[PDB]
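Coming up is one lone chain in structure tokens, specifically the form deposited in one PDB entry.
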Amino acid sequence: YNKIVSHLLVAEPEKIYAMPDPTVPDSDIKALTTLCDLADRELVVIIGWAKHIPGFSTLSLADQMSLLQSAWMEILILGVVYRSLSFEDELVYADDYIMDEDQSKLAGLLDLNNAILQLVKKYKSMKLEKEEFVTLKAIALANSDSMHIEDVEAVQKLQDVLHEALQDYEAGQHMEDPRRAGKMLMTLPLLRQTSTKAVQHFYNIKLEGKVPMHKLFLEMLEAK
């Protein structure tokens, strides 16, 4: 089928471990530290992945940064959503960090994780494929609505290249549902809503000053 889709598949990064500190007693502070630490190392891996997206690295450095600073949380959330598709009421942040409802309550994340679980429920019934996940991830990046884009036309062309790939993939692979591509695009609003709430939540955590955060994660929180 589609080459952009095959290319995004081979560019998909390897999963990384959360590695919660086994010597630290369980608390909300430990869980939030673990999660922000994981997100920080995933953000490095995300920056490297985006350079494989056709056309992304030919944008100016400021434009590459604007897109990432708008989309980082959507990309992170789509990741845990996809890793969670075969589970039931659990969120697979990492193979060694799977959160159930009780752990979400203790971390103060019950409402945010419930919204992530709603994204999971929708993608399960739609039988979301890996091919579709990596394409939506790239589209989320290109369609992130940064207020600060220099070359608007070039960003809009990146959006069109990825949308075409999604259309081409669905036309060849899902002839039983000629509207599957649009259904996939219609999942993006709930992803944007959940990411908007998540960024504000962790920005509040940053202001309370009880959870240490690393440099890149703080940079992504401050850009917003």
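Don't overthink the numbering: it's just position in the shown sequence, from 1. Throughout, rigid core stands for the largest set of C-alpha atoms superposing within 1.5 Å between the two forms.
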When the rigid core is fixed in 9 other deposited structures of this protein, C-alphas move more for 22-30 or 185-193; answer is 22-30
Using only the Cα atoms and their B-factors as the entry lists them, report which of 127-135 and 106-114 averages higher. 106-114
Once you work out the mean C-alpha B-factor for both 74-82 and 139-147 from the entry, which is higher? 139-147
Sort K51, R179, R41, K197 by C-alpha B-factor from the entry and give me just the highest. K51
Take the CA temperature factors straight from the PDB entry and tell me which of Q159, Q167, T187, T58 peaks. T58
Rank-wise, by C-alpha B-factor, drop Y203 into the lowest, middle or highest third of its chain. highest
Chain-relative CA temperature factor third for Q64: middle
State the tercile, meaning the lowest, middle or highest third, of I98 with respect to the CA B-factors recorded for its chain. middle
By its CA B factor, does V45 count among the lowest, middle or highest third of the modelled residues in the chain? middle
Select lowest, middle or highest to describe the third in which the CA B-factor of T33 falls within its chain in this entry. middle
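Just so you know, the form deposited with a partner chain bound exists too; it's not on screen, but the next bit is about it.
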Using a 4.5 Å heavy atom cut-off, state whether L61 contacts the partner chain in the deposited complex. yes
In the deposited complex, is there a heavy atom of the partner chain that lies within 4.5 Å of any heavy atom of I29, even though the partner is absent here? no
So in the deposited complex, does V211 come within 4.5 Å of the partner chain, heavy atom to heavy atom? no
I'd like to know if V44 sits close to the partner chain in the deposited complex, meaning any non-hydrogen atom pair within 4.5 angstroms. yes
